[PDB]
RNA sequence: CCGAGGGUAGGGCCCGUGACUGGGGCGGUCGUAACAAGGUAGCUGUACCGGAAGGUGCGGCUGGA
RNA sequence: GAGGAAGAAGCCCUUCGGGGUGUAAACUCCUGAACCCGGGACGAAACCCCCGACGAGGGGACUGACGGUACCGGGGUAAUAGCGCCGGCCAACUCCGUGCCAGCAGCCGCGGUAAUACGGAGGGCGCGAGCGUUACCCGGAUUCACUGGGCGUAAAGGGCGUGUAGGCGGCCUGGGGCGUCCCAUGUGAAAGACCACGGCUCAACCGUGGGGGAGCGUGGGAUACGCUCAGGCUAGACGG
RNA sequence: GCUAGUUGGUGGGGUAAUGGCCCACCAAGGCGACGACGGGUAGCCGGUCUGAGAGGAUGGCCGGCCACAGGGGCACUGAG
Ligand code: SF4
Ligand SMILES: [Mg+2]
Ligand SMILES: [Mg+2]
Ligand SMILES: [Mg+2]
Ligand SMILES: [Mg+2]
Ligand SMILES: [Mg+2]
Ligand SMILES: [Mg+2]
Ligand SMILES: [Mg+2]
Ligand SMILES: [Mg+2]
Ligand SMILES: [Mg+2]
Ligand SMILES: [Mg+2]
Ligand SMILES: [Mg+2]
Ligand SMILES: [Mg+2]
Ligand SMILES: [Mg+2]
Ligand SMILES: [Mg+2]
Ligand SMILES: [Mg+2]
Ligand SMILES: [Mg+2]
Ligand SMILES: [Mg+2]
Ligand SMILES: [Mg+2]
Ligand SMILES: [Mg+2]
Ligand SMILES: [Mg+2]
Ligand SMILES: [Mg+2]
Ligand SMILES: [Mg+2]
Ligand SMILES: [Mg+2]
Ligand SMILES: [Mg+2]
Ligand SMILES: [Mg+2]
Ligand SMILES: [Mg+2]
Ligand SMILES: [Mg+2]
Ligand SMILES: [Mg+2]
Ligand SMILES: [Mg+2]
Ligand SMILES: [Mg+2]
Ligand SMILES: [Mg+2]
Ligand SMILES: [Mg+2]
Ligand SMILES: [Mg+2]
Ligand SMILES: [Mg+2]
Ligand SMILES: [Mg+2]
Ligand SMILES: [Mg+2]
Ligand SMILES: [Mg+2]
Ligand SMILES: [Mg+2]
Ligand SMILES: [Mg+2]
Ligand SMILES: [Mg+2]
Ligand SMILES: [Mg+2]
Ligand SMILES: [Mg+2]
Ligand SMILES: [Mg+2]
Ligand SMILES: [Mg+2]
Ligand SMILES: [Mg+2]
Ligand SMILES: [Mg+2]
Ligand SMILES: [Mg+2]
Ligand SMILES: [Mg+2]
Ligand SMILES: [Mg+2]
Ligand SMILES: [Mg+2]
Ligand SMILES: [Mg+2]
Ligand SMILES: [Mg+2]
Ligand SMILES: [Mg+2]
Ligand SMILES: [Mg+2]
Ligand SMILES: [Mg+2]
Ligand SMILES: [Mg+2]
Ligand SMILES: [Mg+2]
Ligand SMILES: [Mg+2]
Ligand SMILES: [Mg+2]
Ligand SMILES: [Mg+2]
Ligand SMILES: [Mg+2]
Ligand SMILES: [Mg+2]
Ligand SMILES: [Mg+2]
Ligand SMILES: [Mg+2]
Ligand SMILES: [Mg+2]
Ligand SMILES: [Mg+2]
Ligand SMILES: [Mg+2]
Ligand SMILES: [Mg+2]
Ligand SMILES: [Mg+2]
Ligand SMILES: [Mg+2]
Ligand SMILES: [Mg+2]
Ligand SMILES: [Mg+2]
Ligand SMILES: [Mg+2]
Ligand SMILES: [Mg+2]
Ligand SMILES: [Mg+2]
Ligand SMILES: [Mg+2]
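Chains as they are written, first to last, in my numbering: chain A, 4 to 102; chain B, 1437 to 1518; chain C, 11 to 147; chain D, 540 to 687; chain E, 4 to 211; chain F, 2 to 11; chain G, 5 to 126.
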């Protein structure tokens, strides 16, 4: 089936497009322990109806552009600015890690 | 087109084919679609021919073509005898 | 307090080695469920649902072997060995095919399942797997 | 009765104003091949004397070892500090898969199909003691149930 | 291939009588009956205590030497027993007993397994009618180890048959004499034989 | 690699 | 280290330094001798170990050992070398293989002829 | 229009090599710093000094009295 | 291959009586790899011709490089043995030569006149159309430690705090079912591996059959623990 | 720390077809310690070798897919 992923919107700075930060879990293939990785998909918002902090289901789709191959399938949970701050901060934390 | 052919296995001086369906253009012992029988043409045993006649009739119906010496063996254990 | 379970098991373990008649440990439904198995397998006499300054604990009544003659009297233990397998660090989760026989039979390996906190013999039997809580012998 | 095996014999030395004055140590296991076994470390101003003495102590200290047709009832792993011996049970198809110390103790214990391993320091004297107290800690479902 | 060369010396190395020769073996002209001591310049010398290695070495050697077989086939057989279902020490002994050049021996068609080989190889023997000339054939239970009926007219086979009128063969064998043929009824049991091989030892050896 | 008078060159 | 530590940093797989790098892969190599001499070895030995400085076909130049009694090797000898060092001759990390190229086997050698490139007598 | 590549000019990383120079590892000359309160307890960070070990100052440690 | 001496010669050792090679050999018979003669393949029944109908089915003919090879039948000669090792690990011990020389060497190390360690000899051990060596991989190495290690003094606690991300996190009850567990279903090609049966005289090799896993897709179920959402508590924590 | 067809947009060209694949314009994005960018090195897998297993090592031959045809670029013909 067409893959359906759930993540937050982390950027609405783009035209008819949003960024969806999707966590996922799994066990370590040698150390057992469960771990989270994550992945930013660029989603088609053909009617700029999605905002920041908006948890959304995005489904796989025929290509819309370079690196945009998923549309927002349904609003799931709106206003999670708490999960954004998470990302914004980690990202911003980088400024310190240069030389 | 698609075919019913003799994929050779076995050893040197040990022909043990596999009457098989594949695309005309594989390497002869290359990756086929389906196996539909064996055929030890040396007959060193009881059952040296084994055609799943059910399947041999399907492939024929969709469009498959057969080696002239495949029907030699498809006919021999009768696929066509109405 | 980070893992109550290994705590409990440790109170148990720390208790047996000094031969405390019983040992006190705070309470969860989950800890009774465990202790339930320990008793129903004869690792402990048993346990009561008691109270120190109005706080829900469990008194656990400890079992040992007989006195012994020689230079060291101390009774061999009932619980020789108990330790945590699954942990908040590394979660251990066995499916049924992969549930581990213990001590070639002699001990158990409690675990936790979609159909209750079973033993290992008991789970293979009932047909499920889950979170390898610990092991006792 | 009891068959012996010399398993380690070694010279040592103690210094004194005239030079090295030696002494010998003999480590000996003894049993029947049906279930009694003992180990004795014996030391004297002489080899065959000290061998004699160990054998006296070996027999003067023995162990249950519950069998089960040539093998043990359950796995067991015992550290005697630094030295850790592993005991695993095996079918009659196998053999006495051990180093020359664990083997020799377990042949007289009349074990005959067991898997072992010598992790840790493999000082013989200590691996020796570790295999004993390993056997010494074996139990059958019978006493396992008898405890509960 | 097979060893060849001085064979009294094997036994006297081995500290034990093996029946590698034939007639002489039972005679008191056997050198072992006279010199039950290791061959070469150091024979009568107050030997030094064996090593566990030596111990398992020698036990293996005798067991192969007994059958006069290549170190490689012996090992080849042995690993297969270990793969095969059930007791390895026995299944081994069984598997190397099922070897055609050895069957011809128990059945007494010849004196030594050495002599036996040559029979099978030359075609003088067969199995289930059809001639078979390989000393390695897995004699699989239900089988007719006849003489090549067209080589029955010979001074040696009759002769060893002459000497086999009523000795009780293996419990797993059925020597119908005169007709010059036996039958491999069932592969041997462990206790079903007592050669001087502590089979548990050949196992511990190959597990080094 | 080469040398004094050797046609060998190494 | 914790399980987390291990997830974060993994364990470090440890590599082996080859002791015959001049060999540049190969089982053996062909060389020509640039020097040929005797060398006295380290304590507690005392000898005149006979060696050879050798220009490999890799451009590399190593010094090799010459094993046995007497040898026919000299400046410009075409030579073949296997690895393996000599304990007391430090720097010498390779062995000259007798009976190959201008390396003679050893005359009058009966035992171990293989290791000395000597043909069997009659 | 783009375009293999050619040319020009300026940069970045790598390799090899270089008069000469710095220590580093392996196999007589000067003293005797360390090992015993080692003949000024020893070590230490730092600083200055001295053929060389090392000495001295300041503070620290005991693995010292 | 069966037999063949209280046991040749030569060689080795020795206390000078002997001891060893050694049933080994020479000899006795018996078989009969090579070669010699004869015969001699399956691998090839279809395309094609005929009757039927150019189909079903029936009938007949040509075609073999390997190759006059395999194999079968008769005849039939005693018919290659070599390499490593014998201080310890490690199975196998003596003399002579040599004298820190010459040389050995994987590590410990051996050799400075009595060397089981160097060279040869005898003998022994081990393998055998092979035996050794070099190169490289995994092994032993629980010496990168998930299974399955550690840090007072052996290598190893950051000089000390504060806190970001991250990891981890009390007791009770509800919702969800993401992790986790179970069943069904698809996929997990063939070869291989495995177990049984068979094929070439065995086997290597080779055929047929069986058994499947993990892992992913789909559907169903479970709800203890982990998660998440909601409500509650006071034993952690903070505060008066 | 990297990025100017860079990341998104609307239009169009191209194809058997989606797409910054290509062009014009407009918007200011896109990626990055869960390792971007850069440097080394390698065709990947079925398998193979080792190992009690976990793990390590490896991809010759047979099968499967990619890639290349002296070094490069190009398009024609064509179901391809
Ligand atoms: S037993 Fe007699 S004949 Fe058989 S081998 Fe030993 S010595 Fe030779
Ligand atoms: Mg678009
Ligand atoms: Mg004591
Ligand atoms: Mg310890
Ligand atoms: Mg050691
Ligand atoms: Mg040590
Ligand atoms: Mg008991
Ligand atoms: Mg004949
Ligand atoms: Mg092994
Ligand atoms: Mg010297
Ligand atoms: Mg020396
Ligand atoms: Mg020359
Ligand atoms: Mg030349
Ligand atoms: Mg240009
Ligand atoms: Mg340019
Ligand atoms: Mg040009
Ligand atoms: Mg430079
Ligand atoms: Mg001084
Ligand atoms: Mg001083
Ligand atoms: Mg002083
Ligand atoms: Mg001092
Ligand atoms: Mg100072
Ligand atoms: Mg001066
Ligand atoms: Mg001064
Ligand atoms: Mg001071
Ligand atoms: Mg120190
Ligand atoms: Mg005599
Ligand atoms: Mg004589
Ligand atoms: Mg004599
Ligand atoms: Mg003879
Ligand atoms: Mg034909
Ligand atoms: Mg007609
Ligand atoms: Mg002919
Ligand atoms: Mg051929
Ligand atoms: Mg013939
Ligand atoms: Mg002869
Ligand atoms: Mg060897
Ligand atoms: Mg030895
Ligand atoms: Mg000399
Ligand atoms: Mg040598
Ligand atoms: Mg001397
Ligand atoms: Mg000498
Ligand atoms: Mg040597
Ligand atoms: Mg010598
Ligand atoms: Mg061979
Ligand atoms: Mg290694
Ligand atoms: Mg490892
Ligand atoms: Mg290390
Ligand atoms: Mg290392
Ligand atoms: Mg660990
Ligand atoms: Mg350690
Ligand atoms: Mg360091
Ligand atoms: Mg330290
Ligand atoms: Mg500190
Ligand atoms: Mg936090
Ligand atoms: Mg959390
Ligand atoms: Mg909790
Ligand atoms: Mg689920
Ligand atoms: Mg498959
Ligand atoms: Mg067969
Ligand atoms: Mg199959
Ligand atoms: Mg709450
Ligand atoms: Mg567009
Ligand atoms: Mg468009
Ligand atoms: Mg682009
Ligand atoms: Mg543009
Ligand atoms: Mg703009
Ligand atoms: Mg990521
Ligand atoms: Mg490159
Ligand atoms: Mg490449
Ligand atoms: Mg291991
Ligand atoms: Mg390939
Ligand atoms: Mg190209
Ligand atoms: Mg070319
Ligand atoms: Mg080109
Ligand atoms: Mg070109
Ligand atoms: Mg064409």
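Just so you know, even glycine gets a beta-carbon here, dropped at the ideal spot from N, CA and C.
Counterpart residues of residue i in DSSP-defined beta bridges
| i | result |
| --- | --- |
| residue 1479 of chain B | Per DSSP, none; premise fails for residue 1479 of chain B. |
| residue 64 of chain E | DSSP output for residue 64 of chain E lists no bridge partner at all. |
| residue 58 of chain C | C/69 |
| residue 11 of chain E | None, per the DSSP bridge assignment. |
| residue 66 of chain G | G/58 |
| residue 1450 of chain B | B/1447 |
| residue 134 of chain E | E/129 |
Straight-line gap, residue i to residue j (C-alpha atoms, nearest Å)
| i | j | result |
| --- | --- | --- |
| residue 569 of chain D | residue 75 of chain E | 37 Å |
| residue 125 of chain E | residue 631 of chain D | 41 Å |
| residue 1440 of chain B | residue 1498 of chain B | 12 Å |
| residue 79 of chain E | residue 152 of chain E | 33 Å |
| residue 1455 of chain B | residue 24 of chain G | 55 Å |
| residue 105 of chain E | residue 33 of chain E | 22 Å |
| residue 18 of chain G | residue 29 of chain G | 20 Å |
| residue 68 of chain A | residue 75 of chain A | 15 Å |
| residue 121 of chain C | residue 41 of chain C | 12 Å |
| residue 46 of chain C | residue 174 of chain E | 59 Å |
| residue 8 of chain F | residue 60 of chain G | 15 Å |
Ligand 11 heavy atom lying under 8 Å from the CB of residue i
| i | result |
| --- | --- |
| residue 94 of chain G | no |
Residue i Cβ short of 8 Å to ligand 38 heavy atom set
| i | result |
| --- | --- |
| residue 50 of chain E | no |
Residue i CB to nearest heavy atom of ligand 4 below 8 Å
| i | result |
| --- | --- |
| residue 618 of chain D | yes |
heavy atom of ligand 12 below 8 Å from residue i C-beta
| i | result |
| --- | --- |
| residue 80 of chain G | yes |
Heavy atom of ligand 1 within 8 Å of residue i beta-carbon
| i | result |
| --- | --- |
| residue 648 of chain D | no |
Contact test: residue i Cβ vs ligand 65 heavy atom, cutoff 8 Å
| i | result |
| --- | --- |
| residue 69 of chain A | yes |
Distance cut-off 8 Å: residue i Cβ against heavy atoms of ligand 9
| i | result |
| --- | --- |
| residue 211 of chain E | yes |
Requested in this report: Within the segment 605-664 of chain D, note down every full alpha helix (DSSP H) run reaching 4 residues or more, in order along the chain.
Outcome: 639-647
Requested in this report: Kindly confirm or deny that the segment 1466-1474 of chain B and the segment 1484-1502 of chain B touch, where touching means at least three C-beta pairs closer than 8 Å.
Outcome: yes
Requested in this report: Scan the segment 7-80 of chain A and note each continuous beta strand (DSSP E) run of 3 residues or more that stays entirely inside, going in chain order.
Outcome: List check, beta strand (DSSP E) in window: 7-17, 20-31, 35-47, 58-68 and 71-80.
Report task. Count the CB pairs spanning the segment 1508-1517 of chain B and the segment 69-86 of chain C that are closer than 8 Å, and state whether there are at least three. Result -> no
Query raised in the report: Considering only residues of the segment 59-111 of chain E, which uninterrupted alpha helix (DSSP H) runs meet the minimum length of 4 residues and lie entirely inside it, listed in chain order?
Result: DSSP runs (the alpha helix (DSSP H)) wholly in the segment 59-111 of chain E: 74-86, 91-98 and 103-109.
Query raised in the report: Counting pairs of Cβ atoms below 8 Å between the segment 548-567 of chain D and the segment 580-591 of chain D, do you hit three or more?
Result: yes
Query raised in the report: Is there contact here, the segment 182-195 of chain E with the segment 143-161 of chain E, by at least three beta-carbon pairs under 8 Å?
Result: yes
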